[PDB]
file model-v5.pdb (PDB, C-alpha atoms)
MODEL        1
ATOM      1  CA  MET A   1      46.808 146.183 138.090
ATOM      2  CA  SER A   2      48.544 145.912 141.456
ATOM      3  CA  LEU A   3      48.144 149.365 142.999
ATOM      4  CA  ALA A   4      46.803 148.189 146.349
ATOM      5  CA  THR A   5      46.829 144.446 146.921
ATOM      6  CA  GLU A   6      47.430 144.692 150.677
ATOM      7  CA  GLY A   7      49.916 142.021 151.786
ATOM      8  CA  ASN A   8      52.165 144.557 153.481
ATOM      9  CA  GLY A   9      51.123 145.031 157.087
ATOM     10  CA  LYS A  10      49.087 141.856 156.796
ATOM     11  CA  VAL A  11      49.254 138.154 157.662
ATOM     12  CA  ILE A  12      49.064 135.818 154.666
ATOM     13  CA  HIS A  13      48.994 132.019 154.866
ATOM     14  CA  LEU A  14      51.184 130.481 152.192
ATOM     15  CA  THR A  15      52.670 127.212 150.967
ATOM     16  CA  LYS A  16      56.245 125.899 151.067
ATOM     17  CA  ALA A  17      56.537 127.049 147.459
ATOM     18  CA  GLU A  18      55.714 130.579 148.586
ATOM     19  CA  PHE A  19      58.114 130.075 151.460
ATOM     20  CA  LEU A  20      60.806 129.040 149.071
ATOM     21  CA  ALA A  21      60.637 132.046 146.765
ATOM     22  CA  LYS A  22      60.210 134.970 149.159
ATOM     23  CA  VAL A  23      61.596 133.517 152.375
ATOM     24  CA  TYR A  24      63.925 130.533 152.194
ATOM     25  CA  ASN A  25      65.255 128.076 149.628
ATOM     26  CA  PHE A  26      65.244 124.635 151.312
ATOM     27  CA  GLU A  27      66.235 123.241 147.922
ATOM     28  CA  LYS A  28      69.593 124.944 147.625
ATOM     29  CA  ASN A  29      69.747 125.292 151.414
ATOM     30  CA  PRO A  30      68.713 121.896 152.801
ATOM     31  CA  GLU A  31      70.766 122.590 155.913
ATOM     32  CA  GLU A  32      71.274 126.352 156.097
ATOM     33  CA  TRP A  33      68.945 129.330 156.121
ATOM     34  CA  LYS A  34      69.118 132.000 153.449
ATOM     35  CA  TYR A  35      66.396 134.606 153.896
ATOM     36  CA  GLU A  36      65.085 135.967 150.590
ATOM     37  CA  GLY A  37      62.816 138.527 152.227
ATOM     38  CA  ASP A  38      63.329 142.289 152.069
ATOM     39  CA  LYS A  39      61.450 143.086 155.277
ATOM     40  CA  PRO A  40      61.461 141.296 158.678
ATOM     41  CA  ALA A  41      58.929 138.475 158.595
ATOM     42  CA  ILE A  42      56.875 136.616 161.155
ATOM     43  CA  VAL A  43      55.826 133.105 160.177
ATOM     44  CA  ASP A  44      52.930 131.627 162.103
ATOM     45  CA  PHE A  45      52.783 127.856 162.031
ATOM     46  CA  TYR A  46      49.124 127.111 162.685
ATOM     47  CA  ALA A  47      46.588 124.345 162.337
ATOM     48  CA  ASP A  48      42.966 125.355 161.837
ATOM     49  CA  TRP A  49      41.704 122.571 164.101
ATOM     50  CA  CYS A  50      43.693 124.123 166.956
ATOM     51  CA  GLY A  51      42.082 126.825 169.101
ATOM     52  CA  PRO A  52      45.278 128.845 169.864
ATOM     53  CA  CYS A  53      46.292 128.561 166.206
ATOM     54  CA  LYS A  54      43.004 130.278 165.347
ATOM     55  CA  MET A  55      43.482 133.113 167.876
ATOM     56  CA  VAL A  56      46.865 134.129 166.526
ATOM     57  CA  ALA A  57      45.494 135.015 163.066
ATOM     58  CA  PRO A  58      43.361 138.018 164.310
ATOM     59  CA  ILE A  59      46.180 138.931 166.713
ATOM     60  CA  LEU A  60      48.725 138.774 163.927
ATOM     61  CA  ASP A  61      46.433 140.737 161.603
ATOM     62  CA  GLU A  62      46.170 143.420 164.275
ATOM     63  CA  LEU A  63      49.916 143.666 164.941
ATOM     64  CA  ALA A  64      50.713 143.452 161.233
ATOM     65  CA  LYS A  65      48.535 146.489 160.580
ATOM     66  CA  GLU A  66      49.956 148.182 163.680
ATOM     67  CA  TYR A  67      53.524 147.677 162.524
ATOM     68  CA  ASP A  68      52.707 148.082 158.824
ATOM     69  CA  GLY A  69      55.528 149.209 156.573
ATOM     70  CA  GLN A  70      58.303 147.767 158.707
ATOM     71  CA  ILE A  71      57.216 144.129 159.097
ATOM     72  CA  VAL A  72      55.432 141.519 156.997
ATOM     73  CA  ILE A  73      53.626 138.663 158.718
ATOM     74  CA  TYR A  74      52.863 135.264 157.235
ATOM     75  CA  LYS A  75      51.452 131.967 158.361
ATOM     76  CA  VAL A  76      51.700 128.442 157.052
ATOM     77  CA  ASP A  77      49.195 125.606 157.050
ATOM     78  CA  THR A  78      51.259 122.904 158.772
ATOM     79  CA  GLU A  79      48.676 120.205 157.965
ATOM     80  CA  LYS A  80      49.769 120.454 154.325
ATOM     81  CA  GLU A  81      53.188 121.987 154.851
ATOM     82  CA  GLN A  82      54.326 119.019 156.940
ATOM     83  CA  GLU A  83      57.697 118.882 155.175
ATOM     84  CA  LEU A  84      58.289 122.586 155.714
ATOM     85  CA  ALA A  85      57.333 122.515 159.397
ATOM     86  CA  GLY A  86      59.117 119.215 159.927
ATOM     87  CA  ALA A  87      62.365 120.576 158.488
ATOM     88  CA  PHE A  88      62.676 123.164 161.264
ATOM     89  CA  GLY A  89      61.619 120.558 163.805
ATOM     90  CA  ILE A  90      58.349 122.416 164.356
ATOM     91  CA  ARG A  91      56.566 119.045 164.309
ATOM     92  CA  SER A  92      53.165 120.653 163.900
ATOM     93  CA  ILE A  93      51.852 123.642 165.860
ATOM     94  CA  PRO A  94      51.834 126.222 167.212
ATOM     95  CA  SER A  95      55.148 127.890 166.374
ATOM     96  CA  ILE A  96      55.987 131.512 165.631
ATOM     97  CA  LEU A  97      59.097 132.138 163.561
ATOM     98  CA  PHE A  98      60.529 135.642 163.887
ATOM     99  CA  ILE A  99      62.844 136.259 160.952
ATOM    100  CA  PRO A 100      65.283 139.173 161.401
ATOM    101  CA  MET A 101      67.183 140.864 158.573
ATOM    102  CA  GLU A 102      70.305 140.077 160.554
ATOM    103  CA  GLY A 103      71.070 136.562 161.692
ATOM    104  CA  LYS A 104      68.845 133.503 161.817
ATOM    105  CA  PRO A 105      65.181 133.400 162.967
ATOM    106  CA  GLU A 106      64.003 132.659 166.498
ATOM    107  CA  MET A 107      60.751 130.895 167.355
ATOM    108  CA  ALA A 108      58.115 131.096 170.075
ATOM    109  CA  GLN A 109      55.758 128.170 170.578
ATOM    110  CA  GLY A 110      52.056 128.859 170.864
ATOM    111  CA  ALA A 111      49.693 131.705 170.119
ATOM    112  CA  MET A 112      50.523 134.309 172.730
ATOM    113  CA  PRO A 113      48.185 137.363 173.058
ATOM    114  CA  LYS A 114      48.288 140.783 171.409
ATOM    115  CA  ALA A 115      50.407 141.962 174.344
ATOM    116  CA  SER A 116      53.072 139.244 174.306
ATOM    117  CA  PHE A 117      53.156 139.370 170.512
ATOM    118  CA  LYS A 118      53.819 143.108 170.515
ATOM    119  CA  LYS A 119      56.819 142.493 172.741
ATOM    120  CA  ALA A 120      58.154 139.712 170.513
ATOM    121  CA  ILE A 121      57.555 141.682 167.318
ATOM    122  CA  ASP A 122      58.635 145.116 168.460
ATOM    123  CA  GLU A 123      61.101 144.577 171.290
ATOM    124  CA  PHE A 124      62.763 141.592 169.600
ATOM    125  CA  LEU A 125      62.289 141.612 165.814
ATOM    126  CA  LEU A 126      62.960 145.338 165.517
ATOM    127  CA  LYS A 127      64.685 145.795 168.850
ATOM    128  CA  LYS A 128      66.997 142.856 168.167
ATOM    129  CA  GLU A 129      68.900 143.274 171.424
ATOM    130  CA  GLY A 130      69.787 139.589 171.342
ATOM    131  CA  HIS A 131      71.221 139.708 167.828
ATOM    132  CA  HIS A 132      74.878 140.749 167.476
ATOM    133  CA  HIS A 133      74.374 143.051 170.458
ATOM    134  CA  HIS A 134      77.069 142.796 173.131
ATOM    135  CA  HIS A 135      77.361 146.566 173.607
ATOM    136  CA  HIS A 136      78.249 147.457 170.083
TER     137      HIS A 136
ENDMDL
END
call {"tool": "encode", "arguments": {"input": "model-v5.pdb", "output": "structure tokens"}}
result
Amino acid sequence: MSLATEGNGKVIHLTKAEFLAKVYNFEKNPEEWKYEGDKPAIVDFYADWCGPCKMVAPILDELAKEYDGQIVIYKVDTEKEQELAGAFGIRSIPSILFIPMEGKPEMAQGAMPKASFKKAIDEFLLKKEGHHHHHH
């Protein structure tokens, strides 16, 4: 049945329920952050009525496919996921949550271009020089 359902190397918009299961349990972890993901994730907080929020989807699709295998990109519809976005203090949009496999996730506000995104994805999410890195 599921031989090739994409998803990996893609950007999927999900709900807080989907967030919960594969990303983060804000039920058991009201205050803390336990990542349930196996690969590094990038969560785009977007609102369709927002221009920038629209741009990031194609950008994210591009970079997701470019960095396929290693990363998995998501996005969340803040207009409905108000509780989810509000919990992190995101307020609304745009916010980009970079979730490492080590530590807690950083965020960048707004839909930066393919170039700035590559730097944040590659040289930060994979090249986590700011995570546990003092020299060794």
call {"tool": "residues_around", "arguments": {"input": "model-v5.pdb", "residues": "residue 85 of chain A", "least_positions_apart": "4", "cutoff": "12 Å", "atoms": "only C-alpha atoms", "output": "PDB file with C-alpha atoms, in the coordinates of the input"}}
result
ATOM      1  CA  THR A  15      52.670 127.212 150.967  1.00  0.00           C
ATOM      2  CA  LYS A  16      56.245 125.899 151.067  1.00  0.00           C
ATOM      3  CA  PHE A  19      58.114 130.075 151.460  1.00  0.00           C
ATOM      4  CA  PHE A  26      65.244 124.635 151.312  1.00  0.00           C
ATOM      5  CA  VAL A  43      55.826 133.105 160.177  1.00  0.00           C
ATOM      6  CA  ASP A  44      52.930 131.627 162.103  1.00  0.00           C
ATOM      7  CA  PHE A  45      52.783 127.856 162.031  1.00  0.00           C
ATOM      8  CA  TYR A  46      49.124 127.111 162.685  1.00  0.00           C
ATOM      9  CA  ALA A  47      46.588 124.345 162.337  1.00  0.00           C
ATOM     10  CA  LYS A  75      51.452 131.967 158.361  1.00  0.00           C
ATOM     11  CA  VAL A  76      51.700 128.442 157.052  1.00  0.00           C
ATOM     12  CA  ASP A  77      49.195 125.606 157.050  1.00  0.00           C
ATOM     13  CA  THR A  78      51.259 122.904 158.772  1.00  0.00           C
ATOM     14  CA  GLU A  79      48.676 120.205 157.965  1.00  0.00           C
ATOM     15  CA  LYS A  80      49.769 120.454 154.325  1.00  0.00           C
ATOM     16  CA  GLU A  81      53.188 121.987 154.851  1.00  0.00           C
ATOM     17  CA  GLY A  89      61.619 120.558 163.805  1.00  0.00           C
ATOM     18  CA  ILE A  90      58.349 122.416 164.356  1.00  0.00           C
ATOM     19  CA  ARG A  91      56.566 119.045 164.309  1.00  0.00           C
ATOM     20  CA  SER A  92      53.165 120.653 163.900  1.00  0.00           C
ATOM     21  CA  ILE A  93      51.852 123.642 165.860  1.00  0.00           C
ATOM     22  CA  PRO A  94      51.834 126.222 167.212  1.00  0.00           C
ATOM     23  CA  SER A  95      55.148 127.890 166.374  1.00  0.00           C
ATOM     24  CA  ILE A  96      55.987 131.512 165.631  1.00  0.00           C
ATOM     25  CA  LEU A  97      59.097 132.138 163.561  1.00  0.00           C
TER      26      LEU A  97
END
call {"tool": "resolve_selection", "arguments": {"input": "model-v5.pdb", "expression": "the PyMOL selection byres ((chain A and resi 30) around 12)", "output": "JSON, numbers by chain"}}
result
{"A": [20, 24, 25, 26, 27, 28, 29, 31, 32, 33, 34, 83, 84, 87, 88]}
call {"tool": "resolve_selection", "arguments": {"input": "model-v5.pdb", "expression": "the PyMOL selection byres ((chain A and resi 125) around 12)", "output": "ChimeraX atom specification"}}
result
/A:39-42,67,70-73,96-107,117-124,126-131
call {"tool": "closest_residue", "arguments": {"input": "model-v5.pdb", "among": "A:50, A:55, A:64, A:21", "to": "residue 6 of chain A", "atoms": "all atoms listed in the file"}}
result
A:64
call {"tool": "closest_residue", "arguments": {"input": "model-v5.pdb", "among": "A:51, A:11, A:38, A:112", "to": "residue 63 of chain A", "atoms": "only C-alpha atoms"}}
result
A:11
call {"tool": "axis_aligned_box", "arguments": {"input": "model-v5.pdb", "around": "segment 119-128 of chain A", "padding_each_side": "6 Å", "output": "JSON"}}
result
{"center_x": 61.9, "center_y": 142.8, "center_z": 169.1, "size_x": 22.2, "size_y": 18.1, "size_z": 19.2}
call {"tool": "atom_distance", "arguments": {"input": "model-v5.pdb", "atom1": "atom CA of residue 7 of chain A", "atom2": "atom CA of residue 36 of chain A"}}
result
16.4 Å
call {"tool": "atom_distance", "arguments": {"input": "model-v5.pdb", "atom1": "atom CA of residue 56 of chain A", "atom2": "atom CA of residue 111 of chain A"}}
result
5.2 Å
